[PDB]
Amino acid sequence: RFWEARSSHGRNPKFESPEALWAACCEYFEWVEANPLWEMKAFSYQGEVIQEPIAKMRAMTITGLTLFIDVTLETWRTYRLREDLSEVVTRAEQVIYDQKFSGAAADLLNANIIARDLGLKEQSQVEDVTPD
Amino acid sequence: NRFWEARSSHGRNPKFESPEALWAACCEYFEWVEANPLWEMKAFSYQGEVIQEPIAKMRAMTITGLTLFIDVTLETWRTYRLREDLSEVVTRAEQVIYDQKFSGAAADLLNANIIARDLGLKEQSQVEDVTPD
Amino acid sequence: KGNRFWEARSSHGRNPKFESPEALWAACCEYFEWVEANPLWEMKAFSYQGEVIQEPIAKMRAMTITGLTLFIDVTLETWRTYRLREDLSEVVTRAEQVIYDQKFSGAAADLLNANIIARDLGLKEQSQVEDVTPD
Amino acid sequence: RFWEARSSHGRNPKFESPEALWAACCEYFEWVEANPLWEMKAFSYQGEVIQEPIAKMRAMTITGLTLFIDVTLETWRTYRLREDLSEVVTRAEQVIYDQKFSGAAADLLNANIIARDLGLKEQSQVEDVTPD
Amino acid sequence: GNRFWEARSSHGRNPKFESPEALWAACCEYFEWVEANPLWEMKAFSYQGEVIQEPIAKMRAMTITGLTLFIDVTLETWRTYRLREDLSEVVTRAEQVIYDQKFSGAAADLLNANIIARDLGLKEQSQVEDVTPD
Amino acid sequence: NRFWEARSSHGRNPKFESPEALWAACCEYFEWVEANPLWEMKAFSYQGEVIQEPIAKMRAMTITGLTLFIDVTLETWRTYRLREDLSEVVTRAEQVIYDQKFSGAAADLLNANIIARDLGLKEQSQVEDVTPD
Amino acid sequence: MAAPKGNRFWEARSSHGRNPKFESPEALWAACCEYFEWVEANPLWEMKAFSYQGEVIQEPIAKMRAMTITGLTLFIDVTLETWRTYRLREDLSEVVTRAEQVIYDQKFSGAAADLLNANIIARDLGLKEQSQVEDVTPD
Amino acid sequence: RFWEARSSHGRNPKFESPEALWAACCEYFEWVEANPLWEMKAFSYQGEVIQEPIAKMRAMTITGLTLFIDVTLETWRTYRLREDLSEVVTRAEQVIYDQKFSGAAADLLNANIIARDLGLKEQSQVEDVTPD
Amino acid sequence: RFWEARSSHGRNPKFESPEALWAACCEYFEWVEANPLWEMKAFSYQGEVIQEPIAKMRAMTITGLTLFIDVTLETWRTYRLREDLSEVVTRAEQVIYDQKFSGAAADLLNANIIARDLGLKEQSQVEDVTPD
């Protein structure tokens, strides 16, 4: 139940400090690390089937973070305002980006879904070789 | 997989007036999804006999799924946008639905391409014409 | 166990005259039940000590608007008729949502072929292309 | 041999009623289900190889139907012109379409071959984001 | 000889076909030869430190070129059959059999789907919307 | 294997002047190909011991391979098409080569896309611009 | 000595501590090397399952961690602005160029060896697909 | 060490004879076949892990040949000036082409990279079916 | 620590002969061969896990080469143009190209990554077959 997870800062927290905001974000990173998604795998030994869960990496997201610390995207975007907090926001979003990038690069996360999410572009060069 | 029968405790044609009640209803849908995986039949053999076992697959959350479950029309759901308390709940619920599918596809628990299309994740490209003449 | 789907008809019989949303929903639900009770079957082989054994394994049957209408024995023209009366069009919208959702969740779980289903549902690939040709 | 299979209605059949034509079509459908194609697979045990035929779904086709009931495509097409048979042709062609769609959707027939045969379209949206 | 380029019907060298039955009979000989002559994929197995090898049969795709080659008529002569209707119906029938053999084989993944799709001329259909603002 | 050393019984730089002589040489190539598969090394283990064994793989026939084998240049072979007495043999040999590769690719014994390009099998598509107006 | 150390990447920092002020190429390059070593010493981990006699065993398998310029700056604890500022002195600019080249090569070599996802890395490095198209419409 | 391999004609040889030039090319072909690349493959049993190198086909290349016979690509191109040597160059490049084509067709070499190297083209026909 | 590897030619060498430069390039080639990358492979026996490192081919790059011999890319391009060094640069780059091509062809290196790096192009022929 990922939608139930909330930081220790409680309901509708007010952040008037970088240290406090960053710590709440770190609680989210910690929760993601501690709460992988589960893939049910089936095994069998001599006529008996045993179904055991296998951990899969959970991709970090900004909506996941904000839901966790119990604020709206709009409030999160409000933090961008004060430089004090804006620095924390930048760092948290970079962590989210790098988690997904490193996960995808290590084939722990689906590469194309992450490439699309991160906005990694395909670059190409096309030559028209039609004789004139 | 009798999903078309599933309904929240709020029953038929509920009139939501409270954001906590609407959110609780949405949470009932999320709980239902988690408790009701789709099933893949898998077969194994041993000493001359074949054994079949259903294996749990993640069920993708959808807005139409949610609304059917809490028994409102998509039109009713859009009405909630018209007042701030309910609209905040709609946004929260839609973000949960998006993230469930994104994280599921990212972990290859859901088919990545179909989820990418559903979520509107775009392919971005840069193309140079090297024969501009 | 036989895939004679061309023989499957609802209990409502030939050419139902639905005058009721409860009635029409009821008919739609009979179709959904048949689909789930009637998976496709795939033969899988297993070896053991010099002998191979075959076992059929259930595969999800995709719902379709065509299937539903054929099953309840109304024409597509009749199905679109229901739209005329906002009474039945509400039941039609609900059925089509169920059919869409069945195939979407099936495909998402890889129980149905994702590309077949993406084309069927009309899920689009979206792209953004920048021309970076110098100038 | 699939080119040898024929309905109980004999050579160059004439169809006097929709029930007769439908009966012949259903014979084709039933023949298809009773005659899967076979993938040959090998298994090994203690030095010997076993060749195990494994059943693969046979896709229905209109030309297969017409070969089976022993009429040309041209003749089949004339049945649309009979007021007593037209609805049967429609029904038969719809069964053929549905069998392939359901089979492909269930991963029992090759998805791309069926998608092309059925005319299932890919839809896309493209935005030119070149700065002006 | 029994290699594919050597295989021939029981009508022999350069048969001049002037009947539907004789022609259809010849075509069936080809269809039967194709079924009797799958291609072979070698597979290896290990047992107690000795490797063992045996092949599995792979479906041979039917082709119009293969058929004409087998019944020993040129493609030119085959086209000629199109002109007279006696033969024309047999030609159409045979070509439908060839098409369906490959189509069903590919649908069952017993033949390579993309090779067959290109051969049969099965088309990809698409719809594209330019959503560039303006 | 030294495939570049394989040569028909017609010797060095033969000067073909008969269609039966050219066809016989082409047939020696066809047989050589069918008789000389490529070989892939595969590993096998048993209770902690490993053994390797070559497994036979289909060799694709090619016009360049044919000409190398009968020992004429590719350009000489192209010349044969203009020759009244040799042209039919060229056409026939090129058909055998095409047919072998087609059957191999269709049977998944040769790489499908490499063969599709080699044979010139085309992809056909139909595209509708559905941009509203 | 062959299991997850559990070092959280967002916590990782060089021995130079908080907000270091790099005033020599040597100090800077040493810090960059700490990052390169950290990446090597802290792979990502994939959980894999095994079984023997009806018991399910979990075990982590190491997966290569891709180096990134953002990763480096976070590790040595300077902002992107500061990193870009290093370009002002020919002194530090050489270190920056070399560090970025190391990062590029680590990813390329990882991807080429199938240790990192090829397409993810190709997009990251800006490796282009080049094509030549002939219009053969009878004209 | 492939960059150290050299023909028996020594350093920067001068080829005057077509037979000498062909003989050198054949030394290269022989060297390629005697020097496959190796893939390490791991096997395990009862707690022990064993590694085994497996031979992989080495793709012939014109640059590889010229490095081996120790001439520059420029020198190689210069051979075209003499009808004599030009025939040997064509024969050699033809052997190189076929080795890679046949290896790729048999999936002993990566087919798409070989397709690009050989310049095998994708041919398509595209119909604009937009209604008017 | 590949970022610490350096040729016997020391820091920021100023090369004055083709033999010296070629010698330095060969040290790099030798280093690459002696320094494969490692994939951890896991096996299980009796509820215990065995980890085994497996060698993976390291791709040669001009960037790796210049880092190893400790010169800038512009220095390297300067060698391209130097009458006395240009031949050696061509030779070194040809070695690097062929190592990656052969590795990719053998599937020992990722084919698409290498294809992009080598600049191998996809060639196509397109007919527009629209009616009118």
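Heads up, the Cβs are rebuilt from the backbone with ideal geometry, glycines too, and the neighbour counts pull from every protein chain shown. Read-outs: derived from the displayed coordinates by stated rules, not from any lab.
Taking the Cα centre as origin and putting +1 on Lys and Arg beta-carbons and -1 on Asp and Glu beta-carbons, what dipole magnitude results for chain F, to the nearest 20 debye?
The calculated dipole for chain F is roughly 520 debye.
Helix hunt in chain A: which complete DSSP H runs extend at least 15 Å axially by C-alpha with mean Kyte-Doolittle at least -1.0?
The answer, listed by residue number, is A:18-34, A:83-105.
Which three numbers, in whole Å and largest first, are the semi-axes of the equivalent ellipsoid of the protein assembly as shown derived from its Cα gyration tensor as √(5λ)? If you can, show how the numbers build up before the last one.
Details: eigenvalues 488, 484, 162 Å².
For the protein assembly as shown, the semi-axes come out at 49, 49, 28 Å.
Cα atoms only: what Rg and Dmax, in Å, come out for the range A:18-60?
In order Rg, Dmax, the Cα atoms of the range A:18-60 give 17.0, 58 Å.
Quick one, could you list the DSSP H helices from chain B stretching 30 Å or more along their long axis (Cα atoms) with average Kyte-Doolittle hydropathy of -1.0 or above?
Answer set is B:84-106.
Take the alpha carbon atoms of the range B:1-70, find their center, do the same for the range E:34-71, and report the distance between the two centers in whole angstrom.
About 48 Å separates the Cα centre of the range B:1-70 from the one of the range E:34-71.
Connecting C-alpha atoms closer than 10 Å in a GNM of chain A, tell me which of A:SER86, A:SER102, A:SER44 has the biggest fluctuation.
Per the Cα network of chain A with a 10 Å cutoff, A:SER44 tops the list.
About the Cα centre, and with charges only on the beta carbon of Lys, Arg (+1) and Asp, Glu (-1), how big is the dipole of chain A? Nearest 20 debye, please.
520
In angstroms, what radius of gyration and Dmax does chain D have, counting Cα atoms only?
When restricted to the Cα atoms of chain D, Rg and Dmax are 20.5, 72 Å.
Assigning unit charges at the beta carbon (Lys, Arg +1; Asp, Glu -1) and nothing else, what dipole magnitude in debye, to the nearest 20, does the protein assembly as shown show about its Cα centre?
1540
Between exposed GluC sites (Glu not before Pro) in chain A, where DSSP calls loop and at most 13 other Cβ atoms lie within 10 Å, what's the longest gap?
Here the longest segment lacking exposed loop sites spans A:49-132.
How much mean residue ellipticity at 222 nm does chain B get from its helices, if each DSSP H run of length 4 or more adds -39500 (n - 2.57) and you divide by all residues, to the nearest 500 deg cm²/dmol? Let's see the in-between values first.
Working: 5 runs with 61 residues, N = 133.
Rounded to the nearest 500, it is -14500 deg cm²/dmol.
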